[PDB]
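K.L.:
Take this structure, written in structure tokens, and hold onto it; I'll ask about it next.
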Amino acid sequence: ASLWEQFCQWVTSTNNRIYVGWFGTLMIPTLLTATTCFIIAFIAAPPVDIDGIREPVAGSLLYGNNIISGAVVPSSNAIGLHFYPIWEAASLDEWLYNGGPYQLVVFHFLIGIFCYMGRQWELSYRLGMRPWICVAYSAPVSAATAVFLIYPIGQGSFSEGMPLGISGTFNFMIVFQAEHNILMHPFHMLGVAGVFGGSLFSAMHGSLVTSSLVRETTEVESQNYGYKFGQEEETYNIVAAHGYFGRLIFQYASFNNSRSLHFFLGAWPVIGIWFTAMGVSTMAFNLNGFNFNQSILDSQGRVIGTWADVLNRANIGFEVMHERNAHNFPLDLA
Amino acid sequence: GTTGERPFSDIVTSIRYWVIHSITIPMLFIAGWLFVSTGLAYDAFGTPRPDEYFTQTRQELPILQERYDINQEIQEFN
Amino acid sequence: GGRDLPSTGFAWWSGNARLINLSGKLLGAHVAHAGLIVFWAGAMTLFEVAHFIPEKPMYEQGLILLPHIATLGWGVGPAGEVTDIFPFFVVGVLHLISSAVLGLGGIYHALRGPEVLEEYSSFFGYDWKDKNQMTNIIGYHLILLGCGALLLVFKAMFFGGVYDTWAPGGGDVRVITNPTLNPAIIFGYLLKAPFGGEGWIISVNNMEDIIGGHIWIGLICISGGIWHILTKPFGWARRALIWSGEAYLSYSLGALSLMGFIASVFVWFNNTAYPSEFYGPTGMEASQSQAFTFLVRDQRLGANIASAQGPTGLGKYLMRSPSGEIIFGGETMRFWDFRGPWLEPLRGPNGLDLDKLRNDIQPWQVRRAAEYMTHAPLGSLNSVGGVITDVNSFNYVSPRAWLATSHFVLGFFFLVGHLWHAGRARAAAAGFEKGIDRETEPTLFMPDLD
Amino acid sequence: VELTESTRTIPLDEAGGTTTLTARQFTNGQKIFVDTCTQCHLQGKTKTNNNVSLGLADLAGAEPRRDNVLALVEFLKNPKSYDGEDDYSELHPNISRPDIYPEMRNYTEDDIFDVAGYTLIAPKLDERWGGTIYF
Amino acid sequence: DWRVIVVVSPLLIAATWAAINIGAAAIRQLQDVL
Amino acid sequence: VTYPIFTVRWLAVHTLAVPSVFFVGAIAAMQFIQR
Amino acid sequence: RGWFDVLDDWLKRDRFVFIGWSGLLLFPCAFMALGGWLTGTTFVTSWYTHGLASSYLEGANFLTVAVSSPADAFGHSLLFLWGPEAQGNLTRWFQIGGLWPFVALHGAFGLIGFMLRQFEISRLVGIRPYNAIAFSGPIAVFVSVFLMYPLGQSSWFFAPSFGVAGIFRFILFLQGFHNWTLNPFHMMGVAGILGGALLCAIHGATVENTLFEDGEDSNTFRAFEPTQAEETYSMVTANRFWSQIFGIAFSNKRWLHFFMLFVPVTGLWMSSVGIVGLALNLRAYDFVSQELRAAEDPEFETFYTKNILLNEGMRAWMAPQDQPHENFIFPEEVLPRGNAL
Ligand code: CLA
Ligand code: CLA
Ligand code: CLA
Ligand code: CLA
Ligand SMILES: CCCCCCCCCCCCCCCC(=O)OC[C@H](COP(=O)(O)OC[C@@H](O)CO)OC(=O)CCCCCCCCCCCCCCC
Ligand SMILES: CC1=C(/C=C/C(C)=C/C=C/C(C)=C/C=C/C=C(C)/C=C/C=C(C)/C=C/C2=C(C)CCCC2(C)C)C(C)(C)CCC1
Ligand SMILES: CC1=C(/C=C/C(C)=C/C=C/C(C)=C/C=C/C=C(C)/C=C/C=C(C)/C=C/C2=C(C)CCCC2(C)C)C(C)(C)CCC1
Ligand SMILES: CC1=C(/C=C/C(C)=C/C=C/C(C)=C/C=C/C=C(C)/C=C/C=C(C)/C=C/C2=C(C)CCCC2(C)C)C(C)(C)CCC1
Ligand SMILES: CCCCCCCCCCCCO[C@@H]1O[C@H](CO)[C@@H](O[C@H]2O[C@H](CO)[C@@H](O)[C@H](O)[C@H]2O)[C@H](O)[C@H]1O
Ligand SMILES: [Ca+2]
Ligand SMILES: [Cl-]
Ligand SMILES: [Cl-]
Ligand SMILES: [Fe+2]
């Protein structure tokens, strides 16, 4: 009846083609702002002094980049963790020089993806669903917050956040390895277990379901037309898939309950990505990967190398050349 | 459900099984222990002991460079 | 009291969910877990004392509880030197014995008490739907929390004081005689930006500010406790919130996640409530120490540190912050908001003063900077100090690093717990936590999206 | 090879005197080096001042030369500058100032002897001893 | 080599203990399959 | 009732587990090798 | 009863461990490969091939052990135990790195036997062989990485070592020497693997949160039986949810599961094509337009050129230790390094 209640009913409506909700009332402005500023900056931002040493890095397409090398360059190291909106700049050109677009895009994007997770819960509540899809989405959200927010906070500068580009991401990863030895960190190893196993189990699940499809089509048409949207019955024989997979390994290694199988399919890469998000978030505070350098000595005391020592030689080569003009003192304290 | 074999939970909860294994599993453990502690593993696999990584006449890495006569090469490397 | 899944509908891996409507057993689980917390406090303090070299810095020895006891002003003197081993041992012994008492009480309520307390007393009997009794328990816990804040205030004001790292003559255990009761300062700490140079409440820089805030927190908590004991929840609160045990758990999980994040940032950035004599330098402190150390060394070699330009054109040792303050050069330009008791003597109104740098640097500041630079919070998981490219000979990870990493991980997983329990509480109060009813599936009655 | 006596034989003074450490003395000197020296002298460098490192050429170029046991012991009692002109008792860790360096007030004279012996033996076990910070 | 003797002999003790505690049923299973 | 003892499953278990326990005892003795 | 059909009966019994005709290839080869890896990482050095300690016997841990690649002097010699290098000596064979082609060859033939096992059990059970088709991805990865990459290079030395930190070395080596992150074939591999992980997580979460209320317990896992006919979760509700959240949604179960198959298998095949290119040093190392500009203009810096500098530094600081057979003496003054580090 009231205007506010009519607005509340429109906002929370399940009949909206794209669900808005109250989390969407924050999601849509922040994500549209971040999208518009990212597109404009990726095409036409001027070079950005990321290291705060008056050495501006061309990040945009109009300044000589391609798609692979293009990036929205992180804000200046001179700024650090300081809040740098447009109204704190004396001009828009100064804001562009110091990397203000990165701060704007990253802050609105982080709010938007947290509101995406809230909106996923919201729509699951309005649809009468169980609510934990947002918990699975909290693993990419945690990883994004680790590389765009938590690593800058721990390192003390938004210039340390992952750049918004392909080659910028590669640069972030290589400097990360040289400084934190992320490959030797077990949380990253758990993340690699998560993504390799998630892809493995995606291939397994998909291959077993495709293998055990019930014959409902001819050999001419696509087999996907054997499934009708909203059909009551099962489109594949789970018992046949279980018989195959419990003969492929052994009987008790195969799921027969589809709900336990799908909980495992959800839980494995989510827990792996949670662990790798926490690994990056803890190397924000410089709790680094394992240091086994010169761990093996002979009886005289001479160092016998291992593969970790060769890995350290690679890490040193990455470190001495990174931000080549930014260091004035002997130690890269942060 | 059962393919024919005795179920494992029946097997490992038996007196006769643990009478056999209380002996077999620790004595395999001590067999591996005496493989290492008598030093036979070094001679079997050619792994240097902690004082034969470098000799008094070779202090560099003994990187094999021969393609066929590697036995004499390892010998003069010691 | 169902102790199996046919009698409860909860599997063993969700088995403590069988305790939701069993109040006395639930009280026993809590008291038993509380006893675990006090047990760790006592046994870890005894371990840290047993693994304490008192002539060695606490941050060098992997200690996290002895710094907390020393910050309160127990067993320490000027510059954090341990005068007495005994107060740390006393704090450990007291927690360990109280934990024995609490474990006996938790095991009693969990295994022999009334399973439900509502058939024994109306005071301890709680129904989750009973909004008045849950607000009474809020009020009790609020009164005792305010008393704990006032107990910290009493320790700092009337019981020997606390460790002030900013004290003249160097940091020492001093008595706070003039805490700031000004609500402008205390609550404008809450309005400061959570960003660089402002730091929200992490930038609280003096023991007077901390103690005045704790007086305000104690007053606020006691007033709010008397509030929740004297009032029922209002209609807006009843219409906005879910009123169930899982809901209240998830609300507390969200608060705990917030507090773990804040504690990680607090131990990473603040050196007032986490003094660097006990917790080691912060990352910002160590970087500024490296810049100051090499400024001092190159000035002793005759270099003009003001007019020295670096390879990039900025000053090698001294430069300007984006607002113009004279700050250390190099990558530490990002840490220019760092304040520390070894560095504030060399800071003028415009930043780092040239005259003080030229002729007022003391040898203890040089020693402190070298120690802090060589104890930067950088370390491998296996506790190998320094940058990760260093070889294995320095057994060090800063307590700041351990505490910040642990509490950030705990804060994240407790945000995950909030999401899991807030969603399940809403789904269970709405009635679809077990899945979609086939006959009344809600999407089947909606119009098509296109 | 083993940790031979030739590895433990090091110059004792400036006059050609030599001393041979024991295995226990070398182990104790290493342990003391891990405990107190490595925070600035990891792998023989000096993070605070790598112009003055623990390399053997660095030790030989000091005034007087610090490539022998008694010179390193004297530096650990009364540290000086590299040219021996200035006083570093308030700036380098030492055993004569327990007021400002309490981490070494429980070290005896034999402990200083052991850590000096390790400081002379460790350069011939690592070729990157006393190099650049990143080496 | 005495090393070979003292390495093989624990395996011999394990095998002979398993044999003298399973051999009746082992010979029975061998008989029932011919 | 009256199961076989020696099966393909028995050999499948030992082929893996007998050298596994042997190798574990080896690595346990390796833990006490001094430099 | 013919002897072949009697053997076919015995090989394809319903036992705890299925053998099959494929088991005669799979089980001895997989056992040889696994036992060789465990034997090498427990006992066998890399001191004469690499100048490294890589067994538990030398004091390395689980991260730092490997069956390391053989010496570069052997080229692509298959390094048989009876071969002209080892000459029957097992100790010499262990020392020259013959366990690497032992593990790699038996592993490759065991992988063949495993996909043959997938084919055999799929035929016996009566299902389609899409598990074997999906497993073509891992075999493509193994063949391109452990076999055709060293075959294209100078020796088996530059193959990845069968170890955790050895694989990390191979990974960093391919970054610094090949710019393998910049290769689009690896980017498609990354997209496929992260998409497969995404699809796994999203598919599991969607099914667990669109389950039908088919039981009275809060434990929803007991509301399923394998022999039931109807779906355990609501595809209509899931479709409406993802249509309103994401914009699009799956409407076909079979297409959903084929896509869950398709994404990581295609990623593995694409990354394998890139590794085949890298075998011949056919890299996507450089964008020549940006180097020509950067050589002409010292004001031009992108993240690409920074990565190029990172690769140069890694190569110069790693190659003397990573390739000790080359005797790379790089004096300290030629090592590229930035200011003060
Ligand atoms: C902090 C950890 C903690 C605590 C305090 C509890 C507490 C409780 N759980 Mg529980 N649980 C936990 C972790 C915990 N759990 C974990 C990690 C799991 C997953 C495996 C479970 C799964 C679970 C299930 C399935 C159930 C419970 C149940 C219970 C309740 C009664 C237990 C009972 O009756 O059987 C008694 C058990 C014993 C008598 C075994 C002996 C154990 C004793 C108590 C050991 C501790 C004694 C200590 C050494 C002595 C110190 C005392 C002093 C002298 C110093 C109880 C309040 C039950 C319930 O819901 O109640 C209706 C139940 O069904 N839990
Ligand atoms: C949060 C903790 C907590 C809570 C809410 C309860 C609640 C209850 N207990 Mg329990 N108990 C606890 C912890 C707790 N207990 C611990 C730690 C022990 C070990 C000593 C016990 C051992 C215990 C036994 C043996 C019995 C109970 C009983 C009871 C019930 C009636 C008590 C009563 O009203 O008498 C009146 C209350 C008073 C006279 C208040 C006296 C003040 C207290 C005891 C001293 C002050 C505490 C401390 C010094 C102050 C600060 C705490 C410190 C750790 C900081 C009641 C529901 C009885 C029962 O089972 O019900 C039928 C029963 O016989 N409890
Ligand atoms: C931890 C102790 C505690 C707990 C569990 C509660 C719990 C509760 N209080 Mg209480 N309160 C407390 C302490 C506590 N209070 C104290 C210490 C005081 C003294 C100041 C009060 C004074 C108080 C009053 C006057 C009222 C309550 C009310 C309530 C009820 C509903 C509140 C609500 O909906 O939240 C949510 C709040 C909102 C939706 C309002 C918007 C607030 C914005 C979003 C906060 C912004 C915070 C920001 C994101 C974080 C930045 C930090 C800083 C800048 C603020 C609830 C049961 C209400 C009630 O029901 O009466 C009985 C009520 O009117 N409390
Ligand atoms: C104090 C806060 C708190 C409390 C009281 C609860 C309480 C409850 N939770 Mg919750 N939850 C929390 C925080 C909390 N949770 C957090 C922080 C998370 C995110 C991880 C979750 C995620 C969660 C899930 C997914 C579920 C619950 C569930 C439950 C219910 C039953 C759980 C149970 O029986 O324990 C059983 C304990 C175990 C089975 C063992 C857990 C051990 C974990 C996996 C590893 C331990 C790691 C630890 C750091 C030690 C490392 C060991 C290592 C060295 C080997 C119960 C009422 C269930 C539910 O919804 O029912 C209503 C359920 O499904 N919770
Ligand atoms: C007690 C452990 C809880 C830790 C949280 C991790 C489990 C949840 C992760 C799933 C995320 C995806 C969300 C959508 C997925 C989703 O919606 O799940 C649905 C699934 C169905 O549960 P039910 O509704 O039947 O029961 C759960 C509650 O409703 C009441 O029991 O929930 C669970 O299975 C929870 C069981 C977790 C308890 C055991 C899990 C232990 C795994 C972690 C062990 C440690 C791993 C690291 C070791 C190296
Ligand atoms: C319910 C339940 C549970 C739980 C339980 C718990 C949680 C508990 C606890 C408990 C506790 C919480 C405890 C405790 C304790 C303590 C004690 C018992 C102590 C003591 C003492 C002493 C004796 C000491 C001594 C000493 C001193 C005096 C000092 C010096 C040193 C020493 C140490 C000698 C579970 C999970 C199992 C499950 C089932 C049910
Ligand atoms: C001690 C101290 C201090 C003080 C502090 C203070 C004084 C404080 C406070 C504080 C406070 C006083 C706070 C707070 C908070 C709040 C919160 C955290 C909230 C919230 C929220 C919520 C939870 C809500 C929700 C919702 C919404 C959003 C809407 C609808 C409904 C609902 C409910 C859903 C200082 C720093 C000075 C100094 C140092 C120390
Ligand atoms: C090379 C070769 C060969 C072969 C051999 C073989 C085939 C053998 C073997 C072997 C084997 C087959 C061995 C084994 C092993 C093992 C081990 C070394 C194990 C382990 C383990 C562990 C350590 C685990 C742990 C854990 C975890 C981590 C998880 C859960 C829990 C537990 C604790 C269980 C022949 C003579 C033909 C000729 C020449 C060449
Ligand atoms: C976990 C698996 C265990 C690994 C196996 C343990 C035994 C390893 C080998 C050690 C045995 C003796 O070690 C070495 O064996 C080889 C056989 O390979 C002998 O070699 C001898 O026979 C071979 C075979 O014709 C020829 O090379 C030659 O005639 C002669 O050298 C060596 O003289 C001996 O030094
Ligand atoms: Ca020290
Ligand atoms: Cl760079
Ligand atoms: Cl610097
Ligand atoms: Fe599925």
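Labeling convention for the structure tokens: chains A, B, ... as they appear, residues from 1 per chain, ligands from 1 in order of appearance.
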Kindly provide the residues of chain G that approach ligand 12 to within 12 Å, each paired with its closest atom pair and their distance in Å to one decimal, based on only C-alpha atoms and all ligand atoms, listed by chain and increasing number, as a Markdown table.

P.N.:
```
| residue | atom | partner | partner_atom_place_in_ligand_line | distance |
| --- | --- | --- | --- | --- |
| G:338 | CA | ligand 12 | 1 (Cl) | 11.3 |
| G:339 | CA | ligand 12 | 1 (Cl) | 9.1 |
| G:340 | CA | ligand 12 | 1 (Cl) | 7.9 |
| G:341 | CA | ligand 12 | 1 (Cl) | 9.2 |
```

K.L.:
Deliver the residues from the most recent selection as a file, using N, CA and C atoms, as a PDB file, in the first residue's frame.

P.N.:
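Ended up saving to again.pdb:
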```
ATOM      1  N   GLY G 338      69.066  -4.570 -10.048  1.00  0.00           N
ATOM      2  CA  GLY G 338      68.645  -3.201  -9.868  1.00  0.00           C
ATOM      3  C   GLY G 338      69.486  -2.503  -8.818  1.00  0.00           C
ATOM      4  N   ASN G 339      69.063  -1.288  -8.476  1.00  0.00           N
ATOM      5  CA  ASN G 339      69.783  -0.498  -7.486  1.00  0.00           C
ATOM      6  C   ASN G 339      69.671  -1.131  -6.107  1.00  0.00           C
ATOM      7  N   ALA G 340      70.804  -1.214  -5.412  1.00  0.00           N
ATOM      8  CA  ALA G 340      70.966  -1.537  -3.994  1.00  0.00           C
ATOM      9  C   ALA G 340      70.620  -2.971  -3.614  1.00  0.00           C
ATOM     10  N   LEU G 341      70.062  -3.772  -4.508  1.00  0.00           N
ATOM     11  CA  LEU G 341      69.763  -5.152  -4.167  1.00  0.00           C
ATOM     12  C   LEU G 341      70.695  -6.037  -4.986  1.00  0.00           C
TER      13      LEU G 341
END
```

K.L.:
As a quick test: using only C-alpha atoms and all ligand atoms, which residues lie no more than 8 Å away from ligand 11? Give them as a list in words.

P.N.:
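Result of the 8 Å neighbour search around ligand 11: residues 171, 175, 321, 322, 323 and 324 of chain A; 303, 306, 307, 309 and 310 of chain G.
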
K.L.:
Go ahead and compute the interatomic distance for atom 6 (C, counted along the ligand's line) of ligand 5 and atom CA of residue 412 of chain C, in Å to one decimal.

P.N.:
12.7 Å

K.L.:
Tell me, as a ChimeraX atom specification, which residues lie within 7 Å of residue 35 of chain F, counting only C-alpha atoms; anything in the same chain fewer than 6 positions away does not count.

P.N.:
/A:298-299 /B:50

K.L.:
Once you have the residues from the selection above, write them out as a PDB file, in the first residue's frame, restricted to N, CA, C and O atoms.

P.N.:
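out.pdb was written with the following content:
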```pdb
ATOM      1  N   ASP A 298      77.207 -31.162   4.295  1.00  0.00           N
ATOM      2  CA  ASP A 298      78.013 -32.363   4.448  1.00  0.00           C
ATOM      3  C   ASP A 298      78.684 -32.343   5.828  1.00  0.00           C
ATOM      4  O   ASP A 298      78.436 -31.458   6.651  1.00  0.00           O
ATOM      5  N   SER A 299      79.530 -33.335   6.107  1.00  0.00           N
ATOM      6  CA  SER A 299      80.102 -33.450   7.447  1.00  0.00           C
ATOM      7  C   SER A 299      81.161 -32.383   7.695  1.00  0.00           C
ATOM      8  O   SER A 299      81.401 -31.998   8.846  1.00  0.00           O
TER       9      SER A 299
ATOM     10  N   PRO B  50      77.680 -38.542   4.084  1.00  0.00           N
ATOM     11  CA  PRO B  50      77.995 -37.107   4.282  1.00  0.00           C
ATOM     12  C   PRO B  50      79.472 -36.702   4.197  1.00  0.00           C
ATOM     13  O   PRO B  50      79.753 -35.502   4.283  1.00  0.00           O
TER      14      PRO B  50
END
```

K.L.:
Within 12 Å of residue 19 of chain E, counting only C-alpha atoms, which residues qualify if same-chain residues fewer than 6 places away don't, as a list in words?

P.N.:
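The contact residues come out as residues 19, 20, 21, 23 and 24 of chain B; 12, 13, 25, 26 and 27 of chain E.
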
K.L.:
Store the residues of this selection in a file with N, CA, C and O atoms, as a short mmCIF file (atom, residue, chain, number, x, y, z; two decimals), in the first residue's frame.

P.N.:
```cif
data_model
loop_
_atom_site.label_atom_id
_atom_site.label_comp_id
_atom_site.auth_asym_id
_atom_site.auth_seq_id
_atom_site.Cartn_x
_atom_site.Cartn_y
_atom_site.Cartn_z
N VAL B 19 48.16 -61.47 15.67
CA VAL B 19 49.26 -62.35 16.05
C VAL B 19 50.31 -62.43 14.94
O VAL B 19 51.52 -62.36 15.20
N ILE B 20 49.84 -62.50 13.70
CA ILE B 20 50.78 -62.56 12.55
C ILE B 20 51.43 -61.18 12.35
O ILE B 20 52.65 -61.14 12.16
N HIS B 21 50.65 -60.11 12.44
CA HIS B 21 51.18 -58.76 12.10
C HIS B 21 51.97 -58.12 13.25
O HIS B 21 52.95 -57.42 12.95
N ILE B 23 54.11 -59.18 14.59
CA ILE B 23 55.44 -59.64 14.25
C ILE B 23 55.88 -59.12 12.88
O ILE B 23 56.96 -58.57 12.75
N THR B 24 55.02 -59.26 11.85
CA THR B 24 55.46 -58.93 10.49
C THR B 24 55.70 -57.43 10.29
O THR B 24 56.75 -57.05 9.76
N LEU E 12 62.99 -62.83 6.69
CA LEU E 12 62.87 -64.27 6.91
C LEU E 12 62.09 -64.59 8.18
O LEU E 12 61.26 -65.51 8.18
N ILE E 13 62.33 -63.85 9.27
CA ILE E 13 61.59 -64.07 10.51
C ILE E 13 60.12 -63.73 10.34
O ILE E 13 59.24 -64.48 10.79
N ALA E 25 45.63 -73.22 7.01
CA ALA E 25 44.61 -72.67 6.13
C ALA E 25 45.15 -72.37 4.74
O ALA E 25 44.40 -72.46 3.76
N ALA E 26 46.45 -72.08 4.62
CA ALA E 26 47.07 -71.88 3.31
C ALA E 26 47.07 -73.17 2.50
O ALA E 26 46.69 -73.18 1.32
N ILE E 27 47.47 -74.29 3.12
CA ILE E 27 47.47 -75.58 2.46
C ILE E 27 46.03 -76.02 2.16
O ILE E 27 45.76 -76.61 1.11
#
```

K.L.:
Counting only C-alpha atoms and all ligand atoms, which protein, DNA or RNA residues come within 10 Å of ligand 8, given as a PyMOL selection string?

P.N.:
(chain B and resi 45) or (chain F and resi 14-28) or (chain G and resi 28-44+56+62+81+90-91+93-94+98-100+102-103)

K.L.:
Next, the residues of the selection above should be written as a tab-separated table (two decimals), in the first residue's frame with C-alpha atoms.

P.N.:
```
chain	number	residue	atom	x	y	z
B	45	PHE	CA	72.32	-47.07	-4.52
F	14	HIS	CA	50.98	-56.52	0.18
F	15	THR	CA	52.63	-55.46	-3.12
F	16	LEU	CA	52.08	-51.91	-1.83
F	17	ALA	CA	52.19	-52.27	1.95
F	18	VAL	CA	55.21	-54.52	2.62
F	19	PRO	CA	57.71	-52.18	0.88
F	20	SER	CA	55.77	-49.25	2.37
F	21	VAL	CA	56.51	-50.39	5.93
F	22	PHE	CA	60.08	-51.32	4.91
F	23	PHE	CA	60.61	-47.83	3.45
F	24	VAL	CA	59.00	-46.19	6.51
F	25	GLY	CA	61.43	-48.03	8.79
F	26	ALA	CA	64.26	-46.94	6.50
F	27	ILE	CA	63.24	-43.25	6.69
F	28	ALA	CA	62.79	-43.59	10.46
G	28	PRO	CA	53.36	-54.00	-13.47
G	29	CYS	CA	54.06	-50.66	-15.18
G	30	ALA	CA	52.30	-48.52	-12.56
G	31	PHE	CA	53.99	-50.54	-9.81
G	32	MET	CA	57.38	-50.08	-11.51
G	33	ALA	CA	56.83	-46.32	-11.92
G	34	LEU	CA	55.57	-45.80	-8.36
G	35	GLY	CA	58.23	-48.01	-6.78
G	36	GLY	CA	60.90	-46.30	-8.86
G	37	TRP	CA	59.72	-42.89	-7.69
G	38	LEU	CA	59.55	-43.95	-4.03
G	39	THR	CA	62.94	-45.70	-4.34
G	40	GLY	CA	64.57	-42.66	-5.94
G	41	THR	CA	63.11	-40.15	-3.50
G	42	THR	CA	64.11	-42.37	-0.58
G	43	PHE	CA	67.60	-43.55	-1.55
G	44	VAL	CA	68.95	-42.19	-4.86
G	56	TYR	CA	65.59	-38.79	2.10
G	62	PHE	CA	59.11	-34.51	1.00
G	81	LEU	CA	69.90	-50.79	-17.14
G	90	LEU	CA	72.48	-51.14	-11.04
G	91	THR	CA	74.48	-48.74	-8.85
G	93	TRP	CA	72.37	-46.84	-13.36
G	94	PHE	CA	71.01	-45.20	-10.21
G	98	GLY	CA	68.39	-44.01	-15.10
G	99	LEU	CA	65.51	-44.04	-12.62
G	100	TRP	CA	64.14	-41.00	-14.45
G	102	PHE	CA	62.56	-45.87	-15.81
G	103	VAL	CA	59.79	-43.97	-13.99
```

K.L.:
Would you list the contacts of residue 48 of chain B as a ChimeraX atom specification, taking every protein, DNA or RNA residue within 8 Å and counting only C-alpha atoms, but skipping same-chain residues closer than 3 positions in sequence?

P.N.:
/B:42,51-53 /G:45,58

K.L.:
Output C-alpha atoms of each residue in that selection to a file, as a compact mmCIF listing (two decimals), in the first residue's frame.

P.N.:
```
# COMPACT_ATOMS: atom_id res chain seq x y z
CA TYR B 42 74.68 -46.10 0.46
CA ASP B 51 81.80 -37.26 3.77
CA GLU B 52 81.94 -38.40 0.12
CA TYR B 53 80.22 -35.47 -1.56
CA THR G 45 71.09 -39.06 -5.21
CA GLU G 58 70.73 -37.31 2.04
```

K.L.:
Please return as an MDAnalysis selection string the residues found within 9 Å of ligand 5, counting only C-alpha atoms and all ligand atoms.

P.N.:
(chainID A and resid 130:139 190 259:260 262:272 275) or (chainID C and resid 9:15 17 413 416:417 420 424 428 433:435) or (chainID G and resid 201:202 204:210 217:223)

K.L.:
List as CSV every residue of chain C that is in contact with ligand 7, defined as an atom at most 7 Å from one of its atoms (using only C-alpha atoms and all ligand atoms), together with the nearest atom pair and the distance in Å rounded to one decimal, sorted by chain and then rising number.

P.N.:
```
residue,atom,partner,partner_atom_place_in_ligand_line,distance
C:186,CA,ligand 7,37 (C),4.1
C:187,CA,ligand 7,7 (C),5.9
C:189,CA,ligand 7,37 (C),5.5
C:190,CA,ligand 7,8 (C),6.6
C:201,CA,ligand 7,36 (C),4.5
C:204,CA,ligand 7,39 (C),5.7
C:209,CA,ligand 7,38 (C),5.2
C:210,CA,ligand 7,39 (C),3.7
C:211,CA,ligand 7,40 (C),6.7
C:212,CA,ligand 7,38 (C),6.9
C:213,CA,ligand 7,3 (C),3.8
C:214,CA,ligand 7,1 (C),4.1
C:216,CA,ligand 7,7 (C),5.8
C:217,CA,ligand 7,7 (C),5.2
C:240,CA,ligand 7,31 (C),5.3
C:241,CA,ligand 7,33 (C),5.9
C:255,CA,ligand 7,18 (C),6.7
```

K.L.:
Keeping only C-alpha atoms, take the residues you just selected and write them out as a JSON list (two decimals), in the first residue's frame.

P.N.:
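Final output, again.json:
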```
[["chain", "number", "residue", "atom", "x", "y", "z"],
["C", 186, "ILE", "CA", 37.56, 9.01, 22.21],
["C", 187, "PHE", "CA", 34.70, 8.88, 19.74],
["C", 189, "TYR", "CA", 38.92, 7.83, 17.00],
["C", 190, "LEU", "CA", 35.85, 5.95, 15.73],
["C", 201, "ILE", "CA", 41.21, 3.12, 16.01],
["C", 204, "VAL", "CA", 45.64, 5.16, 19.06],
["C", 209, "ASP", "CA", 43.92, 7.60, 25.04],
["C", 210, "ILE", "CA", 43.68, 3.80, 25.53],
["C", 211, "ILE", "CA", 42.81, 4.11, 29.22],
["C", 212, "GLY", "CA", 40.22, 6.85, 28.66],
["C", 213, "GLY", "CA", 38.63, 4.78, 25.89],
["C", 214, "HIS", "CA", 38.49, 1.76, 28.28],
["C", 216, "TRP", "CA", 34.28, 4.95, 28.26],
["C", 217, "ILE", "CA", 33.94, 1.32, 27.13],
["C", 240, "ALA", "CA", 14.40, -7.05, 11.52],
["C", 241, "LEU", "CA", 16.15, -9.96, 13.27],
["C", 255, "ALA", "CA", 31.12, -9.86, 15.47]]
```

K.L.:
What residues in chain C have any atom no more than 12 Å from chain G when counting only C-alpha atoms, and can you write them as an MDAnalysis selection string?

P.N.:
chainID C and resid 4:15 17:18 294 310:312 316 330:331 387 389 423:424 427:428 431:450
